[PDB]
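Engineer: Please read through the structure below; I'll follow up with questions.
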Amino acid sequence: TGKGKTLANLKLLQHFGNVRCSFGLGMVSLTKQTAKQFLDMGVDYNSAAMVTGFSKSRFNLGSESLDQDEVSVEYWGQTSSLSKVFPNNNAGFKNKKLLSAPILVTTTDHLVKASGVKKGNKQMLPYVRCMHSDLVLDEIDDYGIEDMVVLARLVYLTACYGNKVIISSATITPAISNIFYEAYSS
Amino acid sequence: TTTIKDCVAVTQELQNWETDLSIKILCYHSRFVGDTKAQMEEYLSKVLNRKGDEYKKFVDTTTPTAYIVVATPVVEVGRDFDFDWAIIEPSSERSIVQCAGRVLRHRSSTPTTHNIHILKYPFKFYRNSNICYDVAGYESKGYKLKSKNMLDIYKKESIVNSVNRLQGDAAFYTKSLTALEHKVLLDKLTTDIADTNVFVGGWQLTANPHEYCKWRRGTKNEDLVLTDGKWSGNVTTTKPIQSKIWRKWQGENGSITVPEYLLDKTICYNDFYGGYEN
Amino acid sequence: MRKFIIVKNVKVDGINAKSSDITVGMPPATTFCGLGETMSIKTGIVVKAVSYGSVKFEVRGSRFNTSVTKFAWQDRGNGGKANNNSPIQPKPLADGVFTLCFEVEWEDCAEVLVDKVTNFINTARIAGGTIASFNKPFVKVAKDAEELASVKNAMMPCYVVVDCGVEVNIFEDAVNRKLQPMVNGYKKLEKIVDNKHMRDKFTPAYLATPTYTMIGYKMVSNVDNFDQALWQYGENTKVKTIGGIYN
Amino acid sequence: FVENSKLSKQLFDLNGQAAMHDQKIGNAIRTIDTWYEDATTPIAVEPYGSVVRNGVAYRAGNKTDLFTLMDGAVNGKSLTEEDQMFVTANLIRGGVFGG
RNA sequence: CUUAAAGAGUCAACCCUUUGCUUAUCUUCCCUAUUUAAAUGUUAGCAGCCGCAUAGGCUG
DNA sequence: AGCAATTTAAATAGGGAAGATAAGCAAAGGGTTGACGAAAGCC
DNA sequence: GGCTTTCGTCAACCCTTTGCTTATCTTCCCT
């Protein structure tokens, strides 16, 4: 920690060319931190899309003009061609930010539904998202055991279409690193 | 510490603790109202930032003071905090490594004697001596430690880093915490398909990997909501001990997440420490 | 990867409590291993191990003497003596509510496995006792060790048998370390040359003296490893636990 | 005398009406003992000359308690009129004097 | 195919009687419950008289 | 036709008495539960 | 030539007066 892991992940993604990735992170505030790093280093909202699907009421006080912080939800971005095959032209704000994002800095639960769902059509949007985009999962050790199982299911599904999985965990256990490699290998 | 009532027990003991030290106590668990919780976060991030000396102005560093933050595993995940020292209630070894990462995270000065004091037992030993590390840990009913003494299951003096988690040991998992951790990790995330496993094949066709392997599997979790100072369910606001509280932010809106088990009794929300059993 | 079927609250009465000459009380693991191989024969589901626990168990009699059974004049040629009371050979009787858990390997649905075990148990006889009642058996699987403990805790409430081993002999340690002795198998003495008065004429027969191991009763949830409660036929003409000696 | 009563000072309320104990009165009847050693004020007639308030017994440890004078009188030791009157006063006060 | 296989414990009853737990107790002192304030919400849905009306209108 | 306010503190202490006794009877049953060996009629 | 019935044969104690174990419970997290 403290060495700039997420910046190194973006560097590794950009080494192969232009970036198309889903930064799936635990917690809302860690996604906010990675979004703020992406904003102040080089990434605008035409490429980045911070997705936290709860609409929290945590606002910044003191000075709105002198903030230079509090990464928000606008996504000027670019609507992908996949929105025409989704129901009713995808959706409003949230699913447009999901599907059409080049870089999707999101909470992870908007990506683990790609592996499948009980009832409804909630699988298709993260499925089609992870089909054409890379997957970057940071500090996977903080998740639960079943959470890590479904995250490696997501890694297997992402590798099923040739995309690249970046795992960023310092305290990795050989077991975890191995089963994530075996999911990527399958 | 491990859980919320454990945190308020440590807080209520330390507040009533007579000493010459100027203890200033904070509670940092997850059961808090929208406003109060967010306020704790921003304050803690701006006082524990030790890459510069900007914090000297967010706390009273003029007077010798012990600024103590009693927290649950919400501090060891995703927090850019830098403490001078930590006292850890043992639940898992990755908790030890992560709370080591909350001490001297921003500085580079080496400690001289000892900067982490690990407790002898988790507090669930006095409540359940059969199993005590299952809360926020990989101990469970199928993987039981033979002894719960941390002299038996951990090194008495140890340089805590990622090395013990990085190495990986499957032998002697019943009397060491690290090998207990590694055992569970290879016995649940295995190269099989099972039904709740990771290579799942044949079952993707079925609804089984989405029912028996539930993402964010938590307890029932109902949400008692504070509306403008007036609580919804069986909450009953209370008064904290006002002995050593350094900072206490008030809250009026927001919601608290209470497990259905603790819904039976009053969660007794308080401005200083959120939920407990009283 | 392990599969189990549990029959909970098996109320059985008329149990032949005479486990051996020096043990009267709970039937040993040879009895329940014999019950397991009996279903391996009638139902065809081949059983590796059985973990059995005692919910309730009372030996019929006082605290120092068992209630003997009033014998019936059933031998041939002793008519004329039939008006008097038949002589009593020692066979203590007991009642017991048990919980059984059979390690099976099965390839069909759980409903036909439950039906086969139910059809066996309806015609079974625990330790010479008529099965008075039993709950509907349920199938549970032990994929991992936490799942093994799930099966373990599904036998609640019952006191399972864990093996604690023989140090010197049976009487000494039963007083000293206070553990219970039971038949873990038998010792072969002589080959039997007369197969006329036996069940089969082709199955080889031996006179046997029961070997005993020393065991303890622990509640199934307090048992750390479920393999230390699953008894199975060992290859020493004895029975043994999968987990070995309980420590 | 009260303990767990959530009330600091009770009063003897005979059916609500304020009253004082009979022992309070009867102690004030037998406050006639002016015949102990440091005899300045009358104290209550007790086998030891004991008062709860002053924390001292005026007839203890100095061979003028009721038990030694009772043993003496019984044996034959002529009791002085004041000692005799003290022993008689404790007898009409009452109490177990055995042991 | 489980120390497998098998077995009716039956019966009967008088616990009696007797009794002295008495004795004496000082609960007692102490003291600030203090300071506020719009009841608003139309706050009333009436009295006659024009009429067959307990339909509908008028009068203040 | 619902609206009923907030904090603050709930007493320190001294005592819970010993001396006596705590019955003596008389009962408390056995009745069946025996397998080998040896004469001795009997197919 | 067994075979089944009934009668005769051979014995002799030192007892002790409940526990065995003791039940399958919430941290993160975001939706």
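Chains as they are written, first to last, in the numbering used here: chain A, -3 to 182; chain B, 170 to 447; chain C, 66 to 312; chain D, 1057 to 1155. Cβ coordinates follow ideal geometry from the N, Cα and C atoms, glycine included.
Roughly how many angstroms separate the alpha carbons of D:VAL1130 and D:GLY1154, rounded to a whole number?
Structural biologist: Their backbone Cα atoms lie some 14 Å apart in a straight line.
Engineer: Just the chain B side, please: which residues come within less than 7 Å of C:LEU213 by C-beta, in chain order?
Structural biologist: Within 7 Å Cβ-Cβ: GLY311.
Engineer: Could you check if C:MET66 is buried or exposed, using at least 16 other CB atoms within 10 Å of its CB as the buried criterion?
Structural biologist: Exposed: under 16 other Cβ atoms inside 10 Å.
Engineer: Taking only beta carbons into account, state which residues of the segment 276 to 306 of chain B come closer than 8 Å to chain A, listed in chain order.
Structural biologist: Flagged: no residues at all.
Engineer: Can you round the beta-carbon distance between C:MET91 and C:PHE122 to whole angstroms, since I take them to be within the 8 Å contact cut?
Structural biologist: Yes, C:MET91 and C:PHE122 are in contact; Cβ-Cβ is about 6 Å, under 8 Å.
Engineer: If we require 3 or more residues per run, which beta strand (DSSP E) segments fall completely within the segment 379 to 441 of chain B?
Structural biologist: Complete beta strand (DSSP E) runs here, min 3: 391 to 396, 424 to 427.
Engineer: At 4 residues or longer, and completely inside the segment 111 to 141 of chain A: list those alpha helix (DSSP H) runs for me, N to C.
Structural biologist: Taking only runs of at least 4 residues, the alpha helix (DSSP H) segments lying wholly in the segment 111 to 141 of chain A are 120 to 127.
Engineer: If you drop the 5 nearest sequence neighbours on each side, which residues of the same chain put their C-beta closer than 7 Å to that of C:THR302?
Structural biologist: Closer than 7 Å at Cβ, skipping near neighbours: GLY250, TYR251, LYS253.
Engineer: What are the boundary residues of the beta strand (DSSP E) that C:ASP228 is part of?
Structural biologist: Run containing C:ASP228: 224 to 228, per the beta strand (DSSP E) assignment.
Engineer: Residues of chain B with CB closer than 9 Å to the CB of C:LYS283, please, in chain order.
Structural biologist: Result: empty, since nearest Cβ-Cβ is about 12 Å, beyond 9 Å.
Engineer: Going by the beta-carbon positions, is the gap between B:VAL367 and A:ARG149 smaller than 8 Å?
Structural biologist: Contact: yes.
Engineer: Measure from the alpha carbon of B:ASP303 to the alpha carbon of each residue in B:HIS379, B:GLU262, B:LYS324, then state which is nearest.
Structural biologist: The residue with the shortest Cα to Cα distance from B:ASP303 is B:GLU262.
Engineer: Name, in chain order, the residues that DSSP records as bridge partners for C:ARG190.
Structural biologist: Per DSSP, C:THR195.
Engineer: Look at the Cβ atom of A:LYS114, then the Cβ atom of B:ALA376, and state whether they are nearer than 8 Å.
Structural biologist: In this structure, B:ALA376 lies closer than 8 Å to A:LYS114 by Cβ.
Engineer: Hey, quick one: how far does the beta strand (DSSP E) through B:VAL179 stretch, first residue to last?
Structural biologist: Counting along the chain, B:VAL179 falls outside any beta strand (DSSP E), though it belongs to the alpha helix (DSSP H) covering 173 to 184.
Engineer: Starting from B:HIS286, follow the beta strand (DSSP E) in both directions and report where the run begins and ends.
Structural biologist: From DSSP, the beta strand (DSSP E) with B:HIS286 extends over 285 to 287.
Engineer: Taking the DSSP output, what are the residues bridged to B:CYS301?
Structural biologist: Looking at the DSSP assignment, B:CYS301 forms no beta bridge with any residue, so it has no partner.
Engineer: Helix, strand or coil for C:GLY101 per DSSP?
Structural biologist: Here C:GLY101 sits in helix by DSSP.
Engineer: At least one CB of chain A closer than 8 Å to the CB of B:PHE368: is that the case?
Structural biologist: So, interface residue.
Engineer: I want to see whether chain A comes within less than 8 Å of B:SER331, judged by CB atoms only; does it?
Structural biologist: Interface residue, yes.
Engineer: Sort D:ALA1095, D:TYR1114, D:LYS1133, D:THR1087 by Cα distance to D:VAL1101 and report the nearest one.
Structural biologist: Checked all of D:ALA1095, D:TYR1114, D:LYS1133, D:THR1087; the closest Cα to D:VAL1101 is D:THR1087.
Engineer: How close, in whole Å, do the beta carbons of A:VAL24 and A:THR48 come, if the pair is a contact with beta carbons under 8 Å?
Structural biologist: Yes, A:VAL24 and A:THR48 are in contact; Cβ-Cβ is about 5 Å, under 8 Å.
Engineer: For the segment 1070 to 1083 of chain D and the segment 1113 to 1130 of chain D, state whether three or more C-beta atom pairs, one from each stretch, are separated by less than 8 Å.
Structural biologist: Counting Cβ pairs under 8 Å, fewer than three are found: no touch.
Engineer: Counting only C-beta atoms, is C:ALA159 closer than 8 Å to chain B at any point?
Structural biologist: It does not; no Cβ of chain B falls within 8 Å.
Engineer: Just how far apart, CA to CA, sit B:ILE285 and B:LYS225?
Structural biologist: Distance between the alpha carbons of B:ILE285 and B:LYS225 is about 23 Å.
Engineer: Is the shortest distance between the beta-carbon of A:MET120 and the beta-carbons of chain B less than 8 Å?
Structural biologist: By this cut-off, A:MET120 is not an interface position.
Engineer: Apart from the five residues on each side of it in sequence, which residues of its chain come closer than 8 Å, Cβ to Cβ, to B:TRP372?
Structural biologist: Only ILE362, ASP364, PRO378 meet the Cβ criterion.
Engineer: On the CB-based measure, 16 or more other CB atoms within 10 Å of its CB, does D:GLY1150 come out buried or exposed?
Structural biologist: It counts as exposed.
Engineer: Would A:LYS52 be called buried (16 or more neighbouring beta carbons within 10 Å of its own) or exposed?
Structural biologist: Exposed, by the Cβ-count rule.
Engineer: Any idea which residues DSSP pairs C:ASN81 with across the strands?
Structural biologist: Answer is C:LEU158.
Engineer: Taking all protein chains shown into account, do 16 or more other C-beta atoms lie within 10 angstroms of the C-beta of A:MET37, making it buried, or fewer, making it exposed?
Structural biologist: Looking at its Cβ environment, which holds fewer than 16 other Cβ atoms inside 10 Å, A:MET37 is exposed.
Engineer: Straight-line CA distance for D:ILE1081 to D:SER1134?
Structural biologist: Computed Cα separation, rounded: 32 Å.
Engineer: Using beta carbons (cut-off 8 Å, strictly below), is A:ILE162 in contact with chain B?
Structural biologist: Answer no: the Cβ-Cβ gap between A:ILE162 and chain B never drops below 8 Å.
Engineer: Which residues in chain C sit within 7 Å of B:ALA363, going by Cβ to Cβ distance?
Structural biologist: Within chain C, the residues near B:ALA363 are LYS208.
Engineer: Give the interface partners of B:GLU187 over in chain A, defined as CB-CB distance under 9 Å, in chain order.
Structural biologist: Here the premise fails: no neighbours, minimum Cβ distance about 37 Å.
Engineer: Can you pull the chain B neighbours of C:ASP289, defined as C-beta to C-beta under 7 Å?
Structural biologist: In chain order: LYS313.
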